[PDB]
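# Residue-level structural notes
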There are 2 protein chains.
Amino acid sequence: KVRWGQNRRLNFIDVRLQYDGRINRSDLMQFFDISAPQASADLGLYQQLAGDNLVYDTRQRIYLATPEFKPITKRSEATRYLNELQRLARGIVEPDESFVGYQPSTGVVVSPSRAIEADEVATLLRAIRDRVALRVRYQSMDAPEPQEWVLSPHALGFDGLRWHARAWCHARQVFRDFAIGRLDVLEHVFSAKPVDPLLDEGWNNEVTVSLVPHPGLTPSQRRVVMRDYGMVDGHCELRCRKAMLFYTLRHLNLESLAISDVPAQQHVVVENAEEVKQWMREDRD
Amino acid sequence: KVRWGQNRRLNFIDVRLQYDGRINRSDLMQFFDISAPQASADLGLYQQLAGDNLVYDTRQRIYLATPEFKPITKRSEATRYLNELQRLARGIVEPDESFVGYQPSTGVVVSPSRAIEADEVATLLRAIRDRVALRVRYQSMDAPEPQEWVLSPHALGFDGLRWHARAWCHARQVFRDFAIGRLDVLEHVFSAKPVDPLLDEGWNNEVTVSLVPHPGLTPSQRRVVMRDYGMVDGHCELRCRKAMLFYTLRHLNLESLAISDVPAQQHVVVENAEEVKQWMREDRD
């Protein structure tokens, strides 16, 4: 059997062949800090497992991907690789943490936010896991003077820009959202009443947002929008938690539910506008 | 010296102690498919390198993080770990590809898009690296009937939802953007004129968007906004390529430059509105 480390080196060969179209022994030696004989043995094992993927060129002393290349691992897929380029450009990871070979010039939009402390995220995650209540300070636009609350968190949500904790608010007796960047966790409240998170109907009930191309588009433009949004059969059925519906519409700029008279500024419309309106009124209550 | 594999296992111990607050030998054995003696040796090496971070509890047979814990690697930082939770929830990676231990219930907004083929991304990346021209089919809202162009790509951009190639358009004689999900790459055009990407002024000129809290906010609300946006000293200086300015403003909902009379719907305003307007007119030209 192939051990975990060597398998990661086979993944590295596979992804370099897929995107760079070539790999040298020295690329393996430098990334993984292995010897020339081990790196040659890794390339030999890749040749044994998937010989049609690559040829060795003795003039250039390099392995070249063939036109027949097929990745041996799903970890070489395009969504993952584009996500890696985003993480490198945003500085989330360093080049020595990534299998990416050629790094193109990249421009990625910036999401300005408060850097969160690991210790606070950790306290929240463990409180979720252990179903325990936390005394916190929280400040908001409607209540900017920091105020203390007792919260029992049970989930995390990401709205496209920032994270929030989904939690029972013991004072207001509701499940609701708390931006993690606005929370100061102070101590545990072990005497608080246990909360059943299965009672958070907004979090646990999934709903469907049915999206279609704006009906004022020509058939040719419709096909463009369909391809842009990965629509199968002329619509896109987006599934989300009811308590994530508002965030989802904001993330996709779908908050204006009416079908406008301007197709060019509204490529996609929500088919089930009345369901969506109703679901948001229920959840904000 | 510690080898690459064992160092990844030390990283795994560090991140489990930071967020789960505990780790068992069997967690290492199962994730990395190693023997009990090797996993014990990894935990012993972690104890040697950072003994104040953890204690072994013989009653529970588990290693517990201490209140004094300090991560031995920056790879345990919170931005990375929250990014991992996002990638797991979006299905970008599988649990066996991630060091995340406890996985909370998560809700993440959905970005509907066309799944891109690795082979097309690969052809584009290599064309960027080798500075070669490509014959492509492209369809857009303004020109929906697929049309062929000769493009020399030199960079990639991400607008918050989708990727584009930055490229010289040989027919229209301009540098401009092409959504990768709308591109069909057909063949290389080796007889085309070479293009100097240093002549793409929009791509290479960085500009500053100066952001401040809306001036109608009370001082207490201002402090909330400042914390939300990670503002140092009452403003945020966002740096981006001129050719990414429009995408940046759209991603942050800053396209309406005027200072509105409604602080609650416009938490942040652009200080240098006239510079930004001018820079966008230059770039769309």
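Residues numbered from 1 in each chain as written, not as in the entry; some residues may be left out. Chains lettered and ligands numbered in written order. Heavy atoms only, no water. Residues with missing side-chain atoms left out of burial classes, pairs and counts.

### As for the side chain of B:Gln266
Residues and elements named next belong to chain B.
- Mapped onto the elements of the fold, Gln266 is located in the loop between α8 (245-251) and β12 (268-270).
- Since its relative accessible area comes to 12%, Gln266 is described here as buried.
- A polar atom in the side chain of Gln266 sits 3.0 Å from the backbone oxygen of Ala258.
- Apart from the residues within four sequence positions on either side, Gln266 is in contact with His214, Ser256, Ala258, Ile259 and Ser260. (Helix = DSSP H or I, 4+ residues; strand = E, 2+ residues; numbered from the N terminus. Buried < 20%, exposed > 50% of the residue type's maximum accessible area, 1.4 Å probe, protein only. Polar contact = N/O pair within 3.5 Å; in protein donor to acceptor, adjacent residues only side chain to side chain. Contact = heavy atoms within 4.5 Å.)

### Remarks on empty space enclosed by the protein
- The volume enclosed by the largest cavity comes to roughly 860 Å³.
- Considering the residues around the largest cavity, the lining is formed by 39 residues, among which A:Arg8, A:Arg87, A:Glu97, B:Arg8 and B:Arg87 are closest to the centre.
- The element contributing the most residues to the lining of the largest cavity is helix α1 (residues 4-19) of chain B, with five residues.
- Grouping the amino acids of the lining of the largest cavity by side-chain chemistry returns 16 nonpolar, seven polar and 16 charged.
- By volume, the second largest cavity amounts to about 80 Å³.
- As for the second largest cavity, its lining consists of B:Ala127, B:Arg131, B:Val132, B:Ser152, B:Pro153, B:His154, B:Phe175, B:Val195 and B:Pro197. (1 Å grid on protein atoms, 1.4 Å probe; cavity = no way out; pocket = protein on both sides within 12 Å on 5 of 7 lines; lining within 4 Å. Points joined across faces, edges and corners; volume = space filled by probe spheres on them. Nonpolar A, V, L, I, M, F, W, Y, C, P; charged D, E, K, R; others polar.)

### So, the sheet that holds β12(B)
Residue and element names in this part refer to chain B.
- Read across the sheet, three strands follow the order β11-β10-β12 without closing on themselves; strand pairing throughout is antiparallel. Edge strands, defined here as strands with exactly one partner in the open sheet, are β11 (236-241) and β12. Taking the axes of each pair of neighbouring strands and ignoring which way they run, one obtains an average angle of 35° across the sheet.
- Judged from the six bridges that link them, strand β10 (residues 206-213) and β11 form a sheet pairing that is antiparallel. What sits directly across from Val207, in β11, is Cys240.
- Where helix α9 (residues 273-283) meets the sheet, its contacts fall on β10 and β12, and the angle it forms with β10 comes to roughly 145°. (Pairing = 2+ DSSP bridges. Axes fitted to C-alpha atoms, helices over the stretch in contact; angles between N-to-C directions.)

### Some thoughts on the sheet that holds strand β1 (residues 22-23) of chain B
Residues and elements named next belong to chain B.
- Here we have three strands laid out as an open sheet, ordered β1-β3-β2, and antiparallel in their pairing. Both edges of this open sheet fall to β1 and β2 (54-57), since each of them pairs with a single strand only.
- Strand direction decides the pairing type here: β2 and strand β3 (residues 62-65), joined by four bridges, are antiparallel. Note that in β3 the partner of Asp57 across the bridge is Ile62.

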